[PDB]
Amino acid sequence: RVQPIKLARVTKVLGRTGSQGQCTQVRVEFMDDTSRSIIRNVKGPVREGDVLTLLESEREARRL
Amino acid sequence: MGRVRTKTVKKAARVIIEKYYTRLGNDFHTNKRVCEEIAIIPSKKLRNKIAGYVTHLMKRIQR
Amino acid sequence: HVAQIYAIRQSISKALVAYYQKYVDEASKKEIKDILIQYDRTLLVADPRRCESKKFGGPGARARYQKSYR
Amino acid sequence: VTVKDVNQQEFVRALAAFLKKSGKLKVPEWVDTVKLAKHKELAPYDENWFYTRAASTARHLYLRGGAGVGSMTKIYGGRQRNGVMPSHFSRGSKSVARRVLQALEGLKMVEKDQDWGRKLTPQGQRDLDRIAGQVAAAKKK
Amino acid sequence: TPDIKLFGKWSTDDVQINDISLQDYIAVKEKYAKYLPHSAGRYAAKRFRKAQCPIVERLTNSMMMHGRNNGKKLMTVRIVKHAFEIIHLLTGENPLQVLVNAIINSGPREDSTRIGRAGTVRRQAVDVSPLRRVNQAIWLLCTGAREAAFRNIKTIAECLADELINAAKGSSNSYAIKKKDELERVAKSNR
Amino acid sequence: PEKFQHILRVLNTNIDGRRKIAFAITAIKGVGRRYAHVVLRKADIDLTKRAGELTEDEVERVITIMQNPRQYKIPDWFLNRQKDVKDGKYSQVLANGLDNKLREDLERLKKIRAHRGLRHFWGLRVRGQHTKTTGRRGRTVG
Amino acid sequence: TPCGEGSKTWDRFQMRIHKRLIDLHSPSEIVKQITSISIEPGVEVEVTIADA
Amino acid sequence: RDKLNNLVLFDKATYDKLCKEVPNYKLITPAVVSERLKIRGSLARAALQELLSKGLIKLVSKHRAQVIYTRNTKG
RNA sequence: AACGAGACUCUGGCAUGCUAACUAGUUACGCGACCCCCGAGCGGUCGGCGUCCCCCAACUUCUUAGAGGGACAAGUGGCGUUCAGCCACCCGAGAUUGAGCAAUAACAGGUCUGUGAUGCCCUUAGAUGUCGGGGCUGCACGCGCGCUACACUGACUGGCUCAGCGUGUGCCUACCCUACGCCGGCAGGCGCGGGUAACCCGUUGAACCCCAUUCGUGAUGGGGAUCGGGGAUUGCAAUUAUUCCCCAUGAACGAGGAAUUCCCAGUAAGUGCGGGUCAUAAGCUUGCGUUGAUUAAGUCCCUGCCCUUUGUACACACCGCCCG
């Protein structure tokens with residue numbers, strides 16, 4: 001939220017979701033500890049080994 | 001890619017490897033020229049496919 | 001005007017390479033070939049792409065006229 | 001130099017000036033009533049258009065093997081807006097170009113040469129290349 | 001390096017990327033320097049192939065829209081030579097560093113999307129690819145100058161160079177940095 | 001510099017000193033832009049400055065060079081009117097006389113009562129044009 | 001379509017002719033000898049008096 | 001569209017400001033002179049041509065559709 | 001086992017290999033001629049720039065068209081039952097450049113106004129088969145395909161600079177494409193000449209583009225509707241203005257509501273040219289080049305289509321059936 005901006009990187013891509021395939025599920029490692037991992041929903045066309053810029057990590061996702 | 005080989009290729013490929021078993025290499029180019037000479041092929045493009053599958057069979061048959 | 005610039009550039013580049021391969025030696029042109037292909041911009045090959053034919057039922061080679069229902 | 005070695009936008013604007021300095025050319029009566037091509041909507045911005053067009057005429061005769069009044073017009077023609085109707089190509093005036101070529105020919109820098117069509121006189125070819133090196137000498141190409 | 005190419009006036013070294021999340025999606029200096037932003041290019045036929053062509057080239061491509069400027073890419077390079085010139089005089093920075101900052105400050109970090117549930121509109125907040133950030137950021141700042149010069153005495157060159165200053169700074173007096181925060185403001189809400 | 005004067009009145013229409021000379025003059029009817037870039041050059045004056053920078057001596061000459069164009073050697077084909085019809089000469093018509101001349105030719109074609117004057121009086125297109133899908137305005141539908 | 005109706009379709013037809021020429025220099029008798037022999041299919045031939 | 005009007009001739013104050021804008025401005029184009037003063041763009045075009053003849057400003061780039069001018073290269 | 005699918009045919013991308021060229025070029029000098037010192041040098045000489053000159057010169061890279069060759073998931077690494085295949089990568093031009101052709105069964109779909117294809121009925125000398133002049137363009141409305149605009153990433157005026165598919169008299173009963181010279185502001189007129197066409201028009205010196213002037217955010221010079229006056233060309237004839245030209249006249253329009261169309265690489269969009277119809281004439285259609293992006297590498301959400309399972313009071317098939 002108002003906590004410092006986070007950075008987390010892809011470990012694996014899972015598959016595309018959304019109601020037109022518009023969203024992409026991905027599994028990400030938190031890039032400050034690899035024992036911490038969350039699944040996210042990401043809009044853009046992601047690949048492997050890319051880094052993202054999360055504005056929170058309070059949220060936890062698994063589908064929309 | 002797409003494209004799975006048709007039945008005309010897989011049918012005749014089997015015949016051609018069986019009766020001229022000892023006349024095949026494991027190279028494309030040699031096996032191409034052989035198929036042209038030991039049999040009629042009604043096209044050139046058709047030959048280039050059937051040769052390549054004849055080659056691919058000959059790899060596994062030695063295992 | 002544009003396509004002429006790419007043609008003349010591609011020719012003089014290729015001219016230089018061929019000249020060294022033929023009257024000087026292999027290692028002469030090998031260096032020069034490596035330099036060009038680093039910043040390749042089709043400096044040793046020709047662009048395959050050319051225009052595709054117009055087929056009826058629309059302008060252009062892929063666009064279609066408007067279709068109205070009722 | 002050869003006129004090829006120097007800039008050509010610069011060449012003409014100095015060749016026009018040469019003629020106008022030397023008292024050269026015979027100029028038509030019509031010079032403030034002239035559209036200067038069919039497709040144009042307005043008269044020239046410049047009164048020295050006769051001198052200007054004679055520059056560009058003489059330049060082309062050096063390059064290509066020379067041809068008649070028809071070909072000169074074809075070089076000059078451009079696009080014609082037709083308002084609501086879509087554009088077309090057209091070829092400009094004739095009687096202006098026929099006076100241009102005849103005025104040059106009056107100084108004997110052009111001439112109706114072999115196979116019925118204008119060609120540039122050897123004296124003419126001399127004078128082009130004479131100021132052609134003055135351009136390169138002046139600024140520096 | 002001993003044959004280092006400029007833009008014909010600008011260094012492609014001394015160009016920083018201030019993210020680790022956007023470096024290697026900015027292309028400006030690995031060997032991507034060129035004297036012009038015109039090429040035959042390959043921007044298609046494989047998904048990962050867009051990120052391999054310069055940022056300066058991408059910029060020229062993305063500012064030629066609205067149905068009368070298409071097929072006039074040569075006019076577009078005229079606008080780019082003036083743009084960088086004005087940016088360098090105006091603040092003093094190498095005008096590529098300006099552009100890289102302008103991209104990094106304008107990219108949205110979360111965006112919303114649609115989901116159909118119960119026959120009523122629900123929205124979901126989601127994140128974004130690095131490749132998405134770049135595509136968006138190049139679009140947005142170019143939209144400002146395109147709009148501004150559409151009935152003004154000011155020319156397109158002047159408008160575009162002004163917009164890259166206010167983007168490269170955190171000023172928030174631009175069409176880009178306005179709209180960036182608008183999107184994030186939605187993404188907080190329906191998070 | 002040159003603060004001397006601005007907007008002025010000339011024959012039948014008020015002409016601003018704000019605009020360039022040629023384009024300023026065009027507001028007067030019977031004079032287009034094409035007609036003005038000629039007449040200025042016959043008068044041998046600049047067209048590269050404003051209309052408010054002309055002096056009274058200069059503009060006095062302008063109207064003379066305008067209203068006797070044949071006598072200052074502007075060709076006959078370049079005029080508005082060649083053999084008006086039933087007046088017997090080449091003529092050049094300017095602002096308030098243009099309207100008077102125009103209204104005559106309308107009246108004439110209803111005098112004889114050709115196809116022309118009938119189409120005029122009915123308020124329908126004179127020239128070969130379809131009126132089925134043209135004009136509109138309109139309203140009153142079924 | 002005879003009498004327009006249905007989607008607008010067209011059809012490209014083409015005929016390709018071929019021309020080619022052999023230059024000889026020899027006596028005109030032996031030419032007309034060798035010309036007239038060994039021709040069976042529908043193929044046209046045109047003999048010329050002289051050329052520069 | 002809006003209603004606006006610009007001055008198509010010079011005045012005292014225009015000339016005096018014209019001399020003093022120079023060391024203060026890095027960019028000077030006719031468009032920027034349109035805004036800072038109330039002056040027409042073609043008037044402003046020629047106004048800057050005058051200054052260049054004095055050597056107060058320096059040309060740095062030229063085009064059909066734009067002209068750019070700089071200070072005195074003193075920072 | 002058969003048909004459709006692919007296979008096939010045409011088209012595009014790859015050959016300094018083969019075959020051979022005054023209706024295609026190049027190179028090489030010989031050059032002599034012109035030209036300028038234009039470059040080393042001096043102006044000579046040597047070289048550069050193109051044209052005539054070129055050959056019984058040399059050659060076929062460029063242009064042309066024939067036979068051949070080349071591309072196979074072939075190679076490598078993953079993945080798969082280790083099968084069929086799939087993904088990435090090497091090599092190199094990636095196995096997919098685009099069309100043509102296209103099944104069974106069906107529709108009361110369109111066409112008797114293409115047919116001397118055709119049934120039946122009708123009419124037939126006061127003719128439904130010929131001449132003269134008129135109409136198919138007539139306008140309170142409504143709707144569809146398009147064209148041009150609302151400007152400054154522009155208009156205007158000069159200057160610079162690049163293509164491709166074709167077509168052409170000798171045909172029907174009568175007609176072509178045009179160089180060149182002259183006259184005219186223009187439209188155009190007039191005098192001569194070539195072309196049955198890789199030969200002549202035409203090295204088709206096209207447009208946007210490019211460079212420099214002018215205009216200045218103003219319904220302005222943006223826009224060119226409407227309309228006045230005049231000149232040409234075609235035809236037997238131009239009135240309801242065939243077409244073209246000249247001057248004048250100077251409207252709506254300031255980026256578009258509810259909705260909705262089309263498109264994935266030389267593709268969209270900008271931009272011009274040839275053919276078709278043609279005595280005169282493309283805002284149409286059909287082909288051709290030139291300039292040339294953004295965005296996706298997905299999904300079944302909507303619209304629709306294919307296959308399986310299931311339910312049915314439906315079979316005129318949900319645009320169905322049926323109740324008070």
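Take the stretch E:101-127 and flag every residue that is crowded, with 19+ Cβ neighbours inside 10 Å, touching a strand residue (DSSP E or B) at 6+ places or on another chain (Cβ under 6 Å) and among the β-branched types (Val, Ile, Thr).
E:126
I'd like to verify a number: residues in the stretch G:9-38 that are surrounded by fewer than 10 Cβ atoms within 10 Å (Cβ to Cβ) and in a loop (DSSP other than H, G, I, E, B), how many?
Count: 20.
Could you list, in sequence order, the residues of the stretch D:90-140 that are near RNA strand I (Cβ under 6 Å from one of its atoms) and among the small types (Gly, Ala, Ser)?
Those that are near RNA strand I (Cβ under 6 Å from one of its atoms) and among the small types (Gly, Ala, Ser): D:93, D:95, D:117, D:133.
Identify, by number, the condition in (1) away from RNA strand I (no atom under 12 Å from the Cβ); (2) more than 14 Å from chain D (Cβ to nearest Cβ) that residue F:87 doesn't meet.
It fails just one condition, (1).
Do the conditions hold for residue E:133, that is, is it within 30 Å of residue A:48 (Cβ to Cβ), of a type in the set (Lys, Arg) and either within 6 Å of RNA strand I (Cβ to nearest atom) or buried (at least 23 other Cβ atoms within 10 Å of the Cβ) (or both)?
yes
Answer with yes or no whether residue D:12 is crowded, with 18+ Cβ neighbours inside 10 Å and away from chain F (no Cβ under 14 Å).
Yes.
From C:63, C:18, grab the single residue that is out of contact with any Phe, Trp or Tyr (no Cβ under 6 Å at 6 or more places or on another chain), within 8 Å of RNA strand I (Cβ to nearest atom) and closer than 21 Å to residue E:43 by Cβ. Walk me through how you get there before you give the answer.
Details: C:18 fails: closer than 21 Å to residue E:43 by Cβ.
Answer to the check: C:63.
Quick test of your reading of the structure: residue F:72 fulfils all but one of (1) within 14 Å of chain D (Cβ to nearest Cβ); (2) within 14 Å of RNA strand I (Cβ to nearest atom). Name the failing condition by number.
Among (1) within 14 Å of chain D (Cβ to nearest Cβ); (2) within 14 Å of RNA strand I (Cβ to nearest atom), the lone unmet condition for residue F:72 is (2).
Assess whether residue D:35 counts as being within 7 Å of RNA strand I (Cβ to nearest atom) and surrounded by fewer than 16 Cβ atoms within 10 Å (Cβ to Cβ).
yes
Tally up the residues in the stretch F:82-96 that are farther than 18 Å from residue F:26 by Cα and in contact (Cβ under 8 Å) with a residue 12 or more places away in the chain, please.
Taking the stretch F:82-96 as the starting set, the residues that turn out to be farther than 18 Å from residue F:26 by Cα are F:82-91.
Filter once more, keeping what is in contact (Cβ under 8 Å) with a residue 12 or more places away in the chain: F:84, F:90-91.
Count: 3.
Within the stretch F:95-139, restricting attention to residues that are touching a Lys or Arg at 6+ places or on another chain (Cβ under 7 Å) and under 27 Å from residue F:10 (Cβ atoms), which residue is surrounded by the most Cβ atoms within 10 Å (Cβ to Cβ)?
Only one residue tops the list, namely F:98.
Conditions tested, residue by residue: (1) acidic (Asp, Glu); (2) in contact with a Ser or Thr (Cβ under 9 Å, 6 or more places away or on another chain); (3) under 17 Å from residue E:137 (Cα atoms).
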residue: E:42; (1), (2), (3): no, no, no
residue: E:47; (1), (2), (3): no, no, no
residue: E:63; (1), (2), (3): no, yes, yes
residue: E:66; (1), (2), (3): no, no, no
residue: E:73; (1), (2), (3): no, yes, no
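Only residues that are more than 17 Å from residue H:58 (Cβ to Cβ), of a type outside the set (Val, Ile, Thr), crowded, with 17+ Cβ neighbours inside 10 Å and near RNA strand I (Cβ under 9 Å from one of its atoms): list them for the stretch H:20-47, please.
Correct list: H:31, H:34, H:40, H:43, H:44.
Looking at the structure I just gave you, is residue E:57 among the acidic types (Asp, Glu) and over 15 Å from the mean Cα position of the chain (by Cα)?
no
Among the numbered conditions (1) part of a helix (DSSP H, G or I); (2) surrounded by fewer than 16 Cβ atoms within 10 Å (Cβ to Cβ); (3) touching a residue at least 12 places away in the same chain (Cβ under 8 Å), tell me where residue E:75 comes up short.
Single failed check for residue E:75: (3).
Scan the stretch A:21-47 for residues that are under 27 Å from residue E:106 (Cα atoms), out of contact with any strand residue (DSSP E or B) (no Cβ under 6 Å at 6 or more places or on another chain) and more than 7 Å from every other protein chain (Cβ to nearest Cβ) and jot them down.
Residues satisfying the conditions are A:21, A:32, A:38.
The conditions are (1) away from chain D (no Cβ under 14 Å); (2) touching a residue at least 12 places away in the same chain (Cβ under 8 Å); (3) more than 19 Å from the chain's Cα centre (by Cα), and residue F:45 fails exactly one of them. Which is it?
Failing condition for residue F:45: (1).
Taking only the stretch D:25-69 into account, find how many residues are away from chain F (no Cβ under 13 Å), part of a loop (DSSP other than H, G, I, E, B) and without any contact (Cβ under 8 Å) to a residue 24 or more places away in the chain.
1
Could you pull out every one of the strands (runs of 3 or more DSSP E) wholly within chain A that has 1 or more residues that are touching a residue at least 12 places away in the same chain (Cβ under 8 Å) and exposed (fewer than 13 other Cβ atoms within 10 Å of the Cβ)?
A:8-17
Going by the structure shown, is residue E:93 closer than 30 Å to residue E:155 by Cα, assigned to a helix (DSSP H, G or I), away from every other protein chain (no Cβ under 11 Å) and of a type in the set (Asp, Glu)?
It is false that residue E:93 is closer than 30 Å to residue E:155 by Cα, assigned to a helix (DSSP H, G or I), away from every other protein chain (no Cβ under 11 Å) and of a type in the set (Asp, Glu).
Residue under question is residue C:12, and the condition is that it be within 14 Å of another protein chain (Cβ to nearest Cβ) and either more than 12 Å from RNA strand I (Cβ to nearest atom) or at positive phi (or both); does it hold?
No; evaluated as a whole, the condition is false for this residue.
Taking the stated definitions as given, is residue F:113 over 23 Å from the mean Cα position of the chain (by Cα), outside any helix (DSSP H, G or I) and either closer than 21 Å to residue D:47 by Cβ or more than 9 Å from RNA strand I (Cβ to nearest atom) (or both)?
Working: over 23 Å from the mean Cα position of the chain (by Cα): yes; outside any helix (DSSP H, G or I): yes; either closer than 21 Å to residue D:47 by Cβ or more than 9 Å from RNA strand I (Cβ to nearest atom) (or both): yes.
For residue F:113, the condition - over 23 Å from the mean Cα position of the chain (by Cα), outside any helix (DSSP H, G or I) and either closer than 21 Å to residue D:47 by Cβ or more than 9 Å from RNA strand I (Cβ to nearest atom) (or both) - is met.
Let me confirm something: among E:17, E:26, E:103, E:87, which residue is closer than 16 Å to residue E:160 by Cα, within 14 Å of chain A (Cβ to nearest Cβ), β-branched (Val, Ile, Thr) and in contact (Cβ under 8 Å) with a residue 40 or more places away in the chain?
The conditions single out E:103.
Given (1) surrounded by fewer than 14 Cβ atoms within 10 Å (Cβ to Cβ); (2) not assigned by CATH to the domain that holds residue F:12, identify the lone condition not met by residue F:91.
Going through (1) surrounded by fewer than 14 Cβ atoms within 10 Å (Cβ to Cβ); (2) not assigned by CATH to the domain that holds residue F:12 one by one, residue F:91 breaks only (1).
Being touching a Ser or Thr at 6+ places or on another chain (Cβ under 6 Å), within 14 Å of chain A (Cβ to nearest Cβ) and under 18 Å from residue E:18 (Cβ atoms), is that true of even one residue in the stretch E:111-123?
no
Quick one: would you say residue D:83 is within 6 Å of RNA strand I (Cβ to nearest atom), without any contact (Cβ under 8 Å) to a residue 24 or more places away in the chain, of a type outside the set (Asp, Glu) and more than 14 Å from chain F (Cβ to nearest Cβ)?
It is true that residue D:83 is within 6 Å of RNA strand I (Cβ to nearest atom), without any contact (Cβ under 8 Å) to a residue 24 or more places away in the chain, of a type outside the set (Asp, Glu) and more than 14 Å from chain F (Cβ to nearest Cβ).
Out of everything in the stretch D:15-24 that is away from RNA strand I (no atom under 11 Å from the Cβ) and not hydroxyl-bearing (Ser, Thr, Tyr), what residue ends up being nearest to the other protein chains (Cβ to nearest Cβ)?
Only one residue tops the list, namely D:20.
Cβ sites come from the backbone with ideal geometry, for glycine too, and all protein chains shown count toward neighbours. Numbers and lists here come from the model and the stated rules, or from a named source; none is laboratory data.
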